[PDB]
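Take a look at this single chain, the form deposited in one PDB entry, given in structure tokens.
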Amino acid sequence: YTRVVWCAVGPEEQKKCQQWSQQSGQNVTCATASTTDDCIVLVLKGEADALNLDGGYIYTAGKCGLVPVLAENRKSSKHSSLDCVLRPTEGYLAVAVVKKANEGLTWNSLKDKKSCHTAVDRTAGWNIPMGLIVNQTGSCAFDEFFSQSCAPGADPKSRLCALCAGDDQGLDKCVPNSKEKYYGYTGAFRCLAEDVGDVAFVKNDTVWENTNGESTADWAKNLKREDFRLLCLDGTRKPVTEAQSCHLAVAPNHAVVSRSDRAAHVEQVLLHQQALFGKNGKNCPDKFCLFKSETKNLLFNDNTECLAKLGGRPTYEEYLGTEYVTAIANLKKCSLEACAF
């Protein structure tokens, strides 16, 4: 039992982490970086111990010796008697969403359209869609496929950032942190919802959580589920209730990574941390709730029921699975063995 230093990405995540720290008796403390990458670096140097990551980043981190410790687990149906922490992870559905009123827009007519991505290097927002788009066009010119986009993490003055609005003053345009108005799952969908983009690459859960009154946020309160449509790969369009038969791919859950020599200790603290601030935690909602950030998915996704033991002590490759790891490899060829820092 020593402290665990968590790496928060951006001002909002550090605010939430500072609250978590205060409520934990400093059992968990914070470190901040303007970027997920920078946070990986801080963990490599040994200045931060852990952070929760999307599959695309687990891959970057894995190449540098970091290892998945616990995964986020959301609501399911299979394995009912099994507890959340021991229950296998279901994965999540990556989808391409559009406005219904945008008739005639299919997967086959996305060229020169306007796209909203969660952030460069992420699973549903970048890796899967651009992976499919490169293969389909047999070209690495993925910077020239759309006319304009908001793909946080790309060059601020390039087309991939043309649609990003930055912040509130307009500063930090395109930064890969929750301060890019259109950063992440929620931001990319808002990008679509406000008709800035024609399509948004998010996950199925995002569409549901921000429509039909589920979100009390200004831009989303009047959002209706039936005004959106998913783009399947066979060229058709289906209602967002058909996600199960109209997705680009099934993605591995976001997971908490840490240096291999610190993993056991990070795991220990965290389990006890959710016993306190998790879904049924002793001090949530009374004092602090670890998985609630208010439709903002800070540190963790708001739909996390709990952090689950992986098991079978995964290396990063088998946690991400073999078909996904090859998909990233091939995409990375465009822009084999080496840590990127």
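Between two forms, the rigid core is defined as the largest C-alpha subset superposing within 1.5 Å. Only residues modelled in both forms are compared. In case it trips you up, residue 1 is the first one in the sequence shown, and so on.
Form solved in complex with a partner chain: not shown, discussed below.
The partner chain in the deposited bound form comes within 4.5 Å of no heavy atom belonging to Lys279. Among heavy atoms of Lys63, some come within 4.5 Å of the partner chain in the deposited bound form. In the deposited bound form, at least one heavy atom of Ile40 sits within 4.5 Å of the partner chain. Under a 4.5 angstroms non-hydrogen atom cutoff, the partner chain in the deposited bound form lacks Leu310 among its neighbouring residues. Remark: none of the three candidate residues (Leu105, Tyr183 and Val199) comes within 4.5 Å of the partner chain in the deposited bound form, counting heavy atoms only. Segment displaced between the shown form and the other one is 77-79 alone (run of at least 3 consecutive residues, each Cα moved 2 Å or more after rigid core superposition).
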